[PDB]
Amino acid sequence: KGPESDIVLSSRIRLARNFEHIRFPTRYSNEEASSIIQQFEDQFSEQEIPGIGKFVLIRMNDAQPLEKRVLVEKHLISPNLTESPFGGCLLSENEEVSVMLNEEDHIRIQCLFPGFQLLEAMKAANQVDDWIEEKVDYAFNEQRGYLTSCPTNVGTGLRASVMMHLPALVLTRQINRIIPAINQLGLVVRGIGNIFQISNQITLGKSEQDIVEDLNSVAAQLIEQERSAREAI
């Protein structure tokens, strides 16, 4: 389902966070890793956030390998995590919002929603973020923002993405000229059979509200152009 169930398959929001006082996963010890996941189990594992629901912590060590398979194929976790002995996934019973632990960064909040619903997803990622942040001193700095392992994520720590099925735009050959237009607007589109994924190119400089607004405007224009081209053929 979702608002534009026909055009956009999903809207994703991803917030990378790190503990201030714990080394990042590039340098941290196993004790530090197990302690992060233990802190999450103790103060979030069976807790609710109203509107979003009950969270439950799935630790990798205790998961069935086929259970790991299912989480991977639902995009709740990246493959590297399945063989990590310390990674985790705090899932809502809804399953739309997940919190990956001990991967590239200490924390990665994910909101995967089905339709064209970027700003709802953003709102939920923010709720989750605020909820975690009342128990976790985040790695933050006034000039740089939210501090991340890779330099490509520093600042808002936010990756926003939208999945789109544009058969008519590809068929009407418009796709060719649209792609450079998308790239000059500071968005990266990677094609992944007529499925494309647009997402924000940068994470530092803009604000999150504006990152999501920019992506949202562009997606909406693509939705209108696709409905037009489909009405044409």
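All residue numbers are counted from 1 along the displayed sequence.
Unmodelled deposited residues between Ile192 and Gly193: 4 to 9, per the record.
As recorded in the PDB entry, 68-76 is the stretch of 68-76 and 103-111 with the greater mean C-alpha temperature factor.
The mean Cα B-factor in the deposited entry runs higher for 168-176 than for the other of 34-42 and 168-176. Across the residues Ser217, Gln225, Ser11, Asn18, the deposited record lists the maximum Cα B factor for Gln225. Sorting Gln143, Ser161, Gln127, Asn153 by the CA temperature factor given in the entry leaves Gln143 at the top. The deposited CA B-factor of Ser149 belongs to the middle third of values across its chain. Sort the modelled residues of the chain by CA B factor and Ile49 lands in the highest third. Ranked against the other modelled residues of its chain, the C-alpha B-factor of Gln117 as given in the entry falls in the highest third.
When the modelled residues of the chain are ordered by their C-alpha B factor, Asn94 lands in the highest third.
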